[PDB]
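Take a look at the structure set out below.
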There are 20 protein chains.
Amino acid sequence: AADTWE
Amino acid sequence: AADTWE
Amino acid sequence: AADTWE
Amino acid sequence: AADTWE
Amino acid sequence: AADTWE
Amino acid sequence: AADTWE
Amino acid sequence: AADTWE
Amino acid sequence: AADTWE
Amino acid sequence: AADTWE
Amino acid sequence: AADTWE
Amino acid sequence: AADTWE
Amino acid sequence: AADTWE
Amino acid sequence: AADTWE
Amino acid sequence: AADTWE
Amino acid sequence: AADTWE
Amino acid sequence: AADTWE
Amino acid sequence: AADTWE
Amino acid sequence: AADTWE
Amino acid sequence: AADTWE
Amino acid sequence: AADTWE
């Protein structure tokens with residue numbers, strides 16, 4: 001799983 | 001943004 | 001699954 | 001499951 | 001924001 | 001599980 | 001911020 | 001930012 | 001597990 | 001796992 | 001800051 | 001910053 | 001385990 | 001494991 | 001600062 | 001700064 | 001174990 | 001293990 | 001400062 | 001500064 005944001 | 005999971 | 005947005 | 005918001 | 005769980 | 005926020 | 005656990 | 005886990 | 005913040 | 005941010 | 005434990 | 005663990 | 005901060 | 005920051 | 005223990 | 005342990 | 005600080 | 005800083 | 005023990 | 005131990 002991966003959770004990305006700025 | 002992205003949230004990827006299974 | 002994937003959930004994407006800005 | 002995933003719950004996303006700003 | 002993101003909350004991911006199973 | 002993962003819980004992310006600013 | 002991120003909290004990751006299983 | 002990125003949080004990656006399995 | 002990991003818990004990160006500023 | 002990896003958790004990255006600035 | 002980071003707290004990592006298992 | 002990066003926190004990497006398994 | 002490791003706990004880091006400034 | 002590794003935990004890096006400035 | 002860092003505190004590392006197992 | 002870096003803290004590396006296993 | 002190690003505990004470091006300034 | 002190694003813990004480095006300035 | 002550093003305190004190292006096992 | 002560096003503290004290295006095993």
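Labeling convention for the structure tokens: chains A, B, ... as they appear, residues from 1 per chain, ligands from 1 in order of appearance.
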> What lies within 10 Å of residue 2 in chain A using only C-alpha atoms, ignoring chain neighbours under 3 positions off, as a list in words?
Replying inline: residues 2, 3, 4 and 5 of chain B; 2 of chain C; 4 of chain E; 2 of chain F; 2, 3, 4, 5 and 6 of chain H; 1, 2 and 3 of chain J
Deliver the residues from the most recent selection as a file, using N, CA and C atoms, as a PDB file, in the first residue's frame.
```pdb
ATOM      1  N   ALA B   2      -2.747  10.414  -3.440  1.00  0.00           N
ATOM      2  CA  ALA B   2      -3.154   9.077  -3.849  1.00  0.00           C
ATOM      3  C   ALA B   2      -3.013   8.107  -2.691  1.00  0.00           C
ATOM      4  N   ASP B   3      -4.035   7.282  -2.503  1.00  0.00           N
ATOM      5  CA  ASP B   3      -4.021   6.218  -1.513  1.00  0.00           C
ATOM      6  C   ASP B   3      -4.336   4.925  -2.249  1.00  0.00           C
ATOM      7  N   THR B   4      -3.400   3.981  -2.200  1.00  0.00           N
ATOM      8  CA  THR B   4      -3.484   2.743  -2.959  1.00  0.00           C
ATOM      9  C   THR B   4      -3.336   1.588  -1.979  1.00  0.00           C
ATOM     10  N   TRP B   5      -4.289   0.660  -2.001  1.00  0.00           N
ATOM     11  CA  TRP B   5      -4.309  -0.443  -1.050  1.00  0.00           C
ATOM     12  C   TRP B   5      -5.118  -1.585  -1.653  1.00  0.00           C
TER      13      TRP B   5
ATOM     14  N   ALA C   2      -7.591   2.196  -5.519  1.00  0.00           N
ATOM     15  CA  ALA C   2      -6.878   3.465  -5.465  1.00  0.00           C
ATOM     16  C   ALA C   2      -7.864   4.615  -5.375  1.00  0.00           C
TER      17      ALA C   2
ATOM     18  N   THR E   4      -6.418   4.355   6.291  1.00  0.00           N
ATOM     19  CA  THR E   4      -6.502   3.116   5.532  1.00  0.00           C
ATOM     20  C   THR E   4      -6.355   1.961   6.511  1.00  0.00           C
TER      21      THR E   4
ATOM     22  N   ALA F   2      -2.679   2.720   8.001  1.00  0.00           N
ATOM     23  CA  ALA F   2      -1.966   3.989   8.056  1.00  0.00           C
ATOM     24  C   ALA F   2      -2.952   5.139   8.145  1.00  0.00           C
TER      25      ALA F   2
ATOM     26  N   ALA H   2       5.184  10.564   1.589  1.00  0.00           N
ATOM     27  CA  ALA H   2       4.776   9.227   1.181  1.00  0.00           C
ATOM     28  C   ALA H   2       4.917   8.257   2.339  1.00  0.00           C
ATOM     29  N   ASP H   3       3.895   7.433   2.527  1.00  0.00           N
ATOM     30  CA  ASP H   3       3.909   6.368   3.517  1.00  0.00           C
ATOM     31  C   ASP H   3       3.594   5.075   2.781  1.00  0.00           C
ATOM     32  N   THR H   4       4.531   4.132   2.830  1.00  0.00           N
ATOM     33  CA  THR H   4       4.446   2.893   2.071  1.00  0.00           C
ATOM     34  C   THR H   4       4.594   1.738   3.050  1.00  0.00           C
ATOM     35  N   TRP H   5       3.642   0.810   3.029  1.00  0.00           N
ATOM     36  CA  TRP H   5       3.621  -0.293   3.979  1.00  0.00           C
ATOM     37  C   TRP H   5       2.812  -1.435   3.376  1.00  0.00           C
ATOM     38  N   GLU H   6       3.007  -2.646   3.893  1.00  0.00           N
ATOM     39  CA  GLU H   6       2.234  -3.808   3.433  1.00  0.00           C
ATOM     40  C   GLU H   6       1.804  -4.681   4.584  1.00  0.00           C
TER      41      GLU H   6
ATOM     42  N   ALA J   1       8.796  -1.067   5.029  1.00  0.00           N
ATOM     43  CA  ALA J   1       7.930   0.150   5.029  1.00  0.00           C
ATOM     44  C   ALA J   1       8.809   1.387   5.029  1.00  0.00           C
ATOM     45  N   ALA J   2       8.269   2.497   4.540  1.00  0.00           N
ATOM     46  CA  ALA J   2       8.982   3.766   4.594  1.00  0.00           C
ATOM     47  C   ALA J   2       7.997   4.916   4.684  1.00  0.00           C
ATOM     48  N   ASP J   3       8.354   5.904   5.493  1.00  0.00           N
ATOM     49  CA  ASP J   3       7.537   7.082   5.735  1.00  0.00           C
ATOM     50  C   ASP J   3       8.458   8.279   5.524  1.00  0.00           C
TER      51      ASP J   3
END
```
